[PDB]
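Colleague: Sharing a structure with you now.
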Amino acid sequence: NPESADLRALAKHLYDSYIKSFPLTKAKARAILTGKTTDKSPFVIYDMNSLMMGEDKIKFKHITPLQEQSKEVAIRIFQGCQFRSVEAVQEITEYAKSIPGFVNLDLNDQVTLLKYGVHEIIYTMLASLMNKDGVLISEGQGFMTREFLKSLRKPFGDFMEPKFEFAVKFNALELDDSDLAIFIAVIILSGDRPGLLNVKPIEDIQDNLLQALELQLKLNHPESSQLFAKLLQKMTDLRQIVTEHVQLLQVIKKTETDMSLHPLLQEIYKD
Ligand SMILES: CCCCCN1C(=O)C(=O)c2cc(SCCc3ccc(C(=O)O)cc3)ccc21
Ligand SMILES: [Cl-]
């Protein structure tokens, strides 16, 4: 069909830019997590002992020097959790520029779409690095168990749990990276974001993106019926984790007044 080819060439385009923008794809994460072993076998951190024992191999050097070794383990892990967020935002930003028409919208809308969109995308991509037992870290060289993160000092202990809760339900849909590329594009171009000056051009692109996603899911998963509707229904789960993420940030801000934030997050954190 002549009109379907525009959507599939659009899917091929977003898939191509997805691979170019994100080094940690779901396919590589799944290769490490299944028992294909030898070279890509990760080191596992399950308790405070293995953590110090793995700092030789875990590359825990990416912790901010101003607020690094002096702080307790619970704050440091939170610091590394936020350091993987600046990297995702940078990559989502580079990814957003490749979505056709995005760079042609108003600048203020572009900043608005990224300010509210990156967090919903982060937890979507974080699910690719997760199973029921833990999450990949250090570019797949490490694996931090869900049990150990859950055991951290409060409220940092119950901060990774809602992401693990979302990952197990989201990973049940069995989407690959070709589907996630289009879905991530749909999340960016939401016309219902607060402060959008011109909403109509944003909705026009998301129509085209949703058309591409529905056709992509029908061809890549022909046996899974209503995968389109069930995938769109899981953003209600994505806005909830976001809303409790903003709730523990203001708690940490007044509990840990001596803790810095990366300027990219401090600007995103304004709601
Ligand atoms: C994939 C898209 C962006 C994800 C951003 N991101 C979160 O938002 C989040 O909550 C979270 C939680 C962890 S787990 C504990 C933190 C941690 C991080 C890195 C290392 C390391 O040494 O590599 C060690 C520990 C990791 C990444 C996270
Ligand atoms: Cl990252």
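Numbers in chain A track Swiss-Prot; the residues on display, in order, are 233-503.
This entry, so its header tells us, was determined using X-ray crystallography, 2.6 Å.
Cβ atoms here come from the backbone N, Cα and C positions, even for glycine.
So Swiss-Prot lists these for the protein:
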- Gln314, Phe315, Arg316, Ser317, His351, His477, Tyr501: rosiglitazone binding site (BINDING)
- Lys252: ubiquitin cross-link (CROSSLNK)
- 238-503: domain 'NR LBD' (DOMAIN)
- 495-503: motif '9aaTAD' (MOTIF)
Colleague: By Cβ count within 10 Å, point out the most packed of the recorded positions listed: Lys252, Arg316, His351, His477.
Modeller: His351
Colleague: Looking only at the motif '9aaTAD' (495-503), how are its residues distributed among DSSP helix, strand and coil?
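Modeller: Secondary-structure breakdown of the motif '9aaTAD' (495-503): 6 helix, 0 strand, 3 coil.
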Colleague: At a 10 Å cut-off from the C-beta of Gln314 (rosiglitazone binding site), count the other C-beta atoms across all protein chains.
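Modeller: Result for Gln314 (rosiglitazone binding site): 17 neighbouring Cβ atoms inside 10 Å.
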Colleague: Just report the maximum Cα pair distance in Å for the recorded rosiglitazone binders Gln314, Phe315, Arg316, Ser317, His351, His477, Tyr501, no decimals.
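Modeller: Taking every pair among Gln314, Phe315, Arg316, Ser317, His351, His477, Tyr501, the longest Cα gap is 16 Å.
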Colleague: Can you check what DSSP calls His351 (rosiglitazone binding site), collapsed to helix, strand or coil?
Modeller: helix
Colleague: Using C-alpha positions only, work out which of the binding-site residues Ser317, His351, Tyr501 is nearest to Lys252 (ubiquitin cross-link).
Modeller: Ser317
Colleague: Do you know which of the recorded positions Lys252, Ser317, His351 end up with C-beta under 6 Å from ligand 1?
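Modeller: Correct list: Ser317.
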Colleague: Determine the Cβ neighbour count for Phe315 (rosiglitazone binding site): the number of other Cβ atoms within 10 Å of its Cβ.
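Modeller: A 10 Å sphere around the Cβ of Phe315 (rosiglitazone binding site) contains 14 other Cβ atoms.
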Colleague: Tell me which binding-site residues (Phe315, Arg316, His477) have a Cβ under 6 A from ligand 2; sequence order is fine.
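Modeller: Listed by sequence, the hits are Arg316.
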